[PDB]
Amino acid sequence: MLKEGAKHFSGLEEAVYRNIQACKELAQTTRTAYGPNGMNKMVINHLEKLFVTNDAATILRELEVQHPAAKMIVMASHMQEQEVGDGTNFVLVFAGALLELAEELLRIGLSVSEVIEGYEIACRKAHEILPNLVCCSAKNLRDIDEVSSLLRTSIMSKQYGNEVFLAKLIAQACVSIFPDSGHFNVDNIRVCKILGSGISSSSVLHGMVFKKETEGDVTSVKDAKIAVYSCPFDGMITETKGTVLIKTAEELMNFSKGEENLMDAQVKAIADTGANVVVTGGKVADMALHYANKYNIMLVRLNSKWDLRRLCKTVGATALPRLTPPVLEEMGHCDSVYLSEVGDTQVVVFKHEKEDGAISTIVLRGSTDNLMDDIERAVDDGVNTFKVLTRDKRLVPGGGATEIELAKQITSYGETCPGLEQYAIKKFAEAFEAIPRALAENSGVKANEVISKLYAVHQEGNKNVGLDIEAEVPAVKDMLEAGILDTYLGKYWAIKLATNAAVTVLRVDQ
Amino acid sequence: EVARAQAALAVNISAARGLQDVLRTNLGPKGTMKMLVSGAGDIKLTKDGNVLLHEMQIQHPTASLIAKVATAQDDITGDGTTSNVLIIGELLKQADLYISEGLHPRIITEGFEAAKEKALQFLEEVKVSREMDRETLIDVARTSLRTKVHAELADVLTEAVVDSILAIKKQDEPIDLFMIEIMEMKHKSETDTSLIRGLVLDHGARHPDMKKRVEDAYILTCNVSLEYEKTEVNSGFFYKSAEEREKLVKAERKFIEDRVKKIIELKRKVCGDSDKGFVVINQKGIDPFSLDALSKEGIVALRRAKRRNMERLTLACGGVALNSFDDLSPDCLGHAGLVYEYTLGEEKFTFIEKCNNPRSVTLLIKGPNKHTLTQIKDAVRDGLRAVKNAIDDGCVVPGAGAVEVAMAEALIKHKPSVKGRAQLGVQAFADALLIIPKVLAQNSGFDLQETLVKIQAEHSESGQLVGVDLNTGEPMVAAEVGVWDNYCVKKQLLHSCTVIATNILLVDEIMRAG
Amino acid sequence: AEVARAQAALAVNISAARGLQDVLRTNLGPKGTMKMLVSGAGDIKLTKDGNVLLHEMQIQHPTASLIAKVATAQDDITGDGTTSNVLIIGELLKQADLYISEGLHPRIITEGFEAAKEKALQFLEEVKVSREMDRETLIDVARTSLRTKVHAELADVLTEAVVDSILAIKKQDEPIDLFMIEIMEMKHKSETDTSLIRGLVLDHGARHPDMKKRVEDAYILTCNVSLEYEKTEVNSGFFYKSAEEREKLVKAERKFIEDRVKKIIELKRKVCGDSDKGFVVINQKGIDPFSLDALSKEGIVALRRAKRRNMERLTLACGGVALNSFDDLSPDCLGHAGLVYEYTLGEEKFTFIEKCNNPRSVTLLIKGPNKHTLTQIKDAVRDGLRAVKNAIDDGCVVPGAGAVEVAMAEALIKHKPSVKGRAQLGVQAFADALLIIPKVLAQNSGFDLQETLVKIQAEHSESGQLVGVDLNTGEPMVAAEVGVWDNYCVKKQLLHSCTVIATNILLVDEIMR
């Protein structure tokens, strides 16, 4: 500077060059991602485990950048994560690709502000021709093949080895309880990891799955409303210790008598109030167990933080610390409570049957919890792509098969308009080309060959490429007729948010 | 330890010169949005000249000085503060060339004085009377918002801003200082801005759907608590014995009971039918028990509203704010013609609109709760201050650097005072102005000299304030398009620029101070 | 090797060019100052004359070569104005910088200079007015032309003298002097002085008791080599290297001497009678004592030490033709000068020839005992003779001392072009370049440089007046009424030479090492 005021870390040379090179580094984790891939990115964070992901949301939040230009796009990606599932990766690569292309424009003698203008135009034309790239759509949501084709694309983006089993499984276990036409819930479906057994041994269970073992008798009543307490037992009286063992012998008699009579009252209050399944995140003593056998209450030994969380969202529950008798107020929408072993481990099964506020669970079985964390990305994106809130989801060619189509239309259109805008319009075509480049890099061959041979076949609306040997040399595969389809809504928000993100960040200079 | 004489002037010019760069890429709609993470590390989205100076960390005396004078301008107009810096910078540059050849600072100053008088009289000549119609308010509203946001989102905020000013005529204020309540809504898009006539409330009832359409609303705004639970208190702290605290718990709960009862008696006395509703807005809780009883009677009771909601209600509705309930006549309570509850996002906002005796309008901005929703807040802020000026003055000129070339042309030709002493500052004053139009051309990608010769010639032939069409960066008549500027914008760049310049110009020492 | 491209590279050129002109800014008018120049050869040259200062030694740059090249062109044609040239080029660049630095092209500024310049040549044709070629009018131009070169006192002595040199033409009007240059230099009592001697003066002379001091009918025969050796036109060898050799050289000089003197006494008798008119002989080498006795007695005026430079001039002045031998020559082909007289001043002898048949040679006699004075007064004469020479040839002369500069600037009126504005940048820069000439007089004098200039613009508004900054007080005035006018040639050749140079500087955007 020339000033000992006016703080900036961007501006001049650093806006034009440094910001773009940073966007480029974030978006390197998604030029190995999106559709067919074998990439795995390991990220640690002292979580006492290894975290394996090929999803943009977890990669992005971990990674901190000190520049507003790179930091801003992470928010746009999260926005597309809420409204839709898979395509999160596609949002960041697009914004990041467009920005590399942009800097080249700046070099020649073109101004920032027209280039900014020409993207808004290109984004509007691309969306306008987008529902004219619908080639296939669902009509029934209770039919497993029409739902699974959609699911498949989310799963694919993760690994290209787990596409077939999972895509069937989710549709089988239901995310079609809701009409998905005005209303859909995604906190009334979780992905619940059950350690043990293989991942083709991943199963269908309906309603809330909690891993913790069941103790005592089990209920099967319809008067069973859920009461949730984080800690309702710790010993009803805490000791102090004066002989550094007990305080002391006659007192130890009283400490035990008072625990057993207070726990009797507490557990009888639960029994009376209509709570016939109590979730204990505390500790089940013999005294507490002895009471719940008499009243006929299903008892859940232990809970961890993760298990408590799903009860408060789904039930409309609160998790109260207790050692003084309480009453119902957690309530529940669950009538039936059954008991069924998943993984050869005793699992607590909640169910009721309804459309709205109805529950389902894609439950998994896996060798380790790491293998289950990646699978989970595939599955949670597969629930979030379901949300469109129609039953005709207007499926457009998944897998990046749309991308070349958009690019061809846009480059021609660019020619027609005059001025400086058009160059940005052309660049806007070559940003879509990012997706065919990343699929080429994993496939094992250069960019020149794939983009040219997709262009060669003209208007197709099917063409995209895999990880295969078919994916390399003739560089032609059918991803309309392989049942690789994605939803119109998922591609819409991906392109929309990414164009908005690229324009705001290209403006900065402070 | 001192910078004296040439060394003192050198420090000011160098700073102005780096700054100028920044706040030209904020100038007009063709300027560029800016963010700070350089102010504190957190993510701000801002596109106003004053505001951006505060958010950063300014240690430089010349940058700081420009920020202080900026503060006054920002209050009155909220536009032209992107411009303030630009005119200051060039104004210094001109001076510097003469000094370096061999010129005294003081002769420069004198010719500034002469410059300022003529320049202000030019505003008076050239001003064009406008109406006070909607159409004419639309065009002050749209161009000012266009400065502070995009073109797309700005056109949405244009509608909201203009209906408010028409309503403020009804109160017969010639100013704005109310109808500036900005309220935020939770949404998944920002391309909506809705106008709500009366007020909006942050939270509604904790029990949904009590009577979420109120035909005839009698608003008691209270603020005493109807919930205080079962907690053991005495004077609001623990006391030595259990029992002493308890005794107060009974009387406190009992007090609450009677106040909830007064709502039941009040509905008969004011209402008498369920053909009329009754509105309660409590800024403090209400028991879940109390809501069911009230609800069947056909009363909507609101819990956890703010102190800002309460003051606004008392003005607009004609309401009262009381620390009691009791049995009060409808003469005391305010009335609103309509109440509707609109649930959107994760938080539901009860609207209390079509108030009788209003003086507050709420401009309800929907947005995702990112920094973008803060960006339309500060765009909307200065767009209200803009259309305020149109009501202040009678006359609004076509802008886009149309005004500024016209004023510069008038100075170059004759000596305004007829002396050579004045003349040396006068050249300097005229070229300083030219920065504003030429630079709109620069952002766009159209050479700056070419627009100066054209724009100036077309003034001469016509007598039209021909301006710049921003997007091409080529000239066009600023009147038709709607790129306009108030009397107050072009007045306040002029006053700020002169005063700020003459105190930095007239330095001769800068010596450090504890 | 290294290469500088684009506007960065152009900066390197213009910043240097501006800096040379800044140093030389000190000079111009008589309210300017001499600059001391020492090359690598010793000696103090005290010169304010820009052409002398550029050639003898100057700051290294690539633009150092350009300011000298145009100085070279200017001096050769006109022979004034080489100080003047420097300052306008500079000020042109300054203006051109502001626009390129904004984010503009060097080349558009350049094209606008060509348009701007063309209007200004045409401006000269109007503003000029015919003035006399009579002696006193040329005093008023001579006074001014001398003042832009050198200091006030030095300017005053030379005014009258320089006018009488150039007036003694045959109505032969040229821009420059070719043969009216004669430099004679003298270390004398008068510290600084210049004396007018009309006609060609000879470097030294011989004198004898019997010689004719005043000669009223001089038939010149111009000879070269020598009375030491017969049949020569270039000198013969010597013998003295041994003891024996000395004696021989002297002895056979008797034969050589004896053959020569005869020719001359027989020619004298045809032309003059016995002694009834006078006879002049030009020895350009030694004159032997034996021959000095005979020639002197006879009525023949011998002259000792003349130049090859005297020899050329003498031939034009007398109408005679050169001979390089001392021999007989026909009366016809001898020149006539109607007066020859020898003034012996100091330790030198100046023999004059007066009543020149054809005057295209005149002599100025430089006094100055000191080296520091001689260099000041002598170098003013040369640029002075050629300055006034331009005025006599020129039929029209232009008002002077920044009179025309301020007029041209205002007329050329901003916002007159509208073509693209490429012309507008140039015509605007060129306005401020001209106004350097006010500015540097004002700098030299009391008050601030622009403070005096705005009063000139104001007075210029009143028509019927050309107003500039005086050379002798630095105040506004009607230049015309005081008499301070400058020749046309300076003012015409200035425009052509300033525009081209500074045009090329902006065209350079690649400078290779």
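Readers should treat all values here as calculations from the given coordinates under stated rules, not as data from a laboratory. So basically every Cβ, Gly included, is an ideal-geometry build from the backbone, and we count neighbours across all protein chains shown.
Here are some notes:
- Inter-part distance, the range B:439-514 to the range A:157-229, computed on C-alpha centroids, equals 66 Å.
- Of the trypsin sites (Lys or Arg not before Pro) found in the range B:439-514, the ones in coil according to DSSP and having at most 16 other Cβ atoms within 10 Å of their Cβ are B:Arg512.
- With N counted as the residues of the range C:419-513, its alpha-carbon radius of gyration over 2.2 N^0.38 Å works out to 1.34.
- From most to least packed by mean Cβ count within 10 Å, the peptides B:158-167, B:27-36 give B:27-36, B:158-167.
- Cα-based Kirkwood hydrodynamic radius, the range B:32-84, one decimal, Å: 11.5
- Simple Cβ-charge dipole of chain C, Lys/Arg +1 and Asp/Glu -1, about Cα centre, in debye nearest 20: 1060
- For peptide B:33-44, the mean count of partner chain Cβ atoms within 10 Å of a residue's Cβ comes to 6.
- Summed over qualifying helices (DSSP H, 4 residues or more, each -39500 (n - 2.57)) and divided by its residue number, chain A shows a 222 nm mean residue ellipticity of -14500 deg cm²/dmol.
- Rounded to the nearest 10 degrees, the angle from helix B:288-297 to the longest Cα principal axis of chain B is 80 degrees.
- Leading residue at positive end of dipole, the range A:233-316 (Cβ point charges), from A:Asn254, A:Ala285, A:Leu308: A:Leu308
- Sequence-distant residues sharing a close amide H with A:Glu4 (under 5 Å, placed H): B:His60
- Note on C:234-244: average number of Cβ atoms from other chains within 10 Å of each residue's Cβ is 0.
- Think of each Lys and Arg Cβ as +1 and each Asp and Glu Cβ as -1; about the Cα centre, that makes the dipole of the protein assembly as shown roughly 1580 debye.
- Interchain or long-range residues, amide H under 5 Å from B:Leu199's placed H: B:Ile352
- Placing unit charges on the Cβ atoms of the charged side chains and taking the dipole of the range B:380-514 about its Cα centre, the candidate lying farthest along the positive direction among B:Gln464, B:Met407, B:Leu505 is B:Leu505.
- For the range C:443-490, the relative contact order works out to 27 percent when only alpha carbon pairs closer than 8 Å and six or more residues apart are counted.
- For peptides A:239-249, B:328-338, C:315-325, sequence by mean Cβ density within 10 Å, most packed first: C:315-325, B:328-338, A:239-249
- Distance from the Cα centroid of the range B:34-95 to that of the range C:348-377 is 74 Å (rounded to whole angstrom).
- Charged neighbours of B:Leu452, selected by a Cβ distance under 13 Å, balance to -3 (K, R count +1; D, E count -1).
- Pair A:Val284, B:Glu227: separation of 7 Å Cα→Cβ label points (nm): 3.5
- Per-residue ellipticity at 222 nm, computed for chain B from helices alone with -39500 (n - 2.57) per DSSP H run of at least four residues, works out to -16500 deg cm²/dmol.
- By DSSP, the beta bridges lying fully in the protein assembly as shown are antiparallel in about 65 percent of cases.
- Remark: the range C:1-137 carries a charge dipole of roughly 360 debye about the Cα centre, counting +1 on each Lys and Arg Cβ and -1 on each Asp and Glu Cβ.
- Relative contact order of chain B: 26 percent, from C-alpha pairs under 8 Å at least 6 residues apart in sequence.
- HN-Hα J in Hz across the range C:346-357 - Karplus 6.51, -1.76, 1.60, θ = phi - 60°, x for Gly and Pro: x, 9, 10, 10, 10, 9, 8, 10, 10, 6, 6, 6
- Distance from the range B:394-427 to the range A:236-291 (C-alpha centre basis), Å: 91
- Scanning residues 5 or more positions from B:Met183 or on other chains, those with amide H under 5 Å from its amide H are B:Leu363, B:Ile365, with H placed 1.01 Å from N in the peptide plane.
- Options A:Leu130, A:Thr243, A:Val218, ranked by Cα towards positive dipole end of chain A, top entry (Cβ charges): A:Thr243
- Angle between chain B longest axis and helix B:84-102 axis [Cα atoms, degrees, rounded to 10]: 20
- Spacing of the two label points (7 Å from each Cα toward its C-beta) at C:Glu174 and B:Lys262, in nm: 12.1
- Peptide-level mean, for B:443-451, of C-beta atoms on other protein chains within 10 Å: 6
- Summary value for chain A: 28 percent relative contact order, contacts being C-alpha pairs under 8 angstrom separated by 6+ residues.
- Coupling constants for the range B:15-29 follow from the phi torsions by the Karplus curve (6.51 cos²θ - 1.76 cosθ + 1.60, θ = phi - 60°), and in residue order they are 6, 4, 5, x, 5, 3, 4, 5, 9, 8, 9, 7, 5, x, x Hz; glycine and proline get x.
- Axis angle, to the nearest 10 degrees, between helix B:487-505 and the longest C-alpha principal axis of chain B: 60 degrees.
- Looking at chain B, the DSSP beta bridges with both ends there are about 70 percent antiparallel.
- The range C:114-130 - phi-based ³J(HN,Hα) in whole Hz, Karplus 6.51/-1.76/1.60, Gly and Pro as x: 5, 5, 5, 5, 4, 4, 6, 5, 5, 7, 5, 5, 7, 7, 6, 8, 4
- Above-threshold pairs, the threshold being 19 Å between Cα atoms, out of A:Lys268/B:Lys250; B:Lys148/B:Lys370; B:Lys44/B:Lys490; B:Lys254/B:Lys284; A:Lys212/A:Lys294; C:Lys48/C:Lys378: A:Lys268/B:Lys250; B:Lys44/B:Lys490; A:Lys212/A:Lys294
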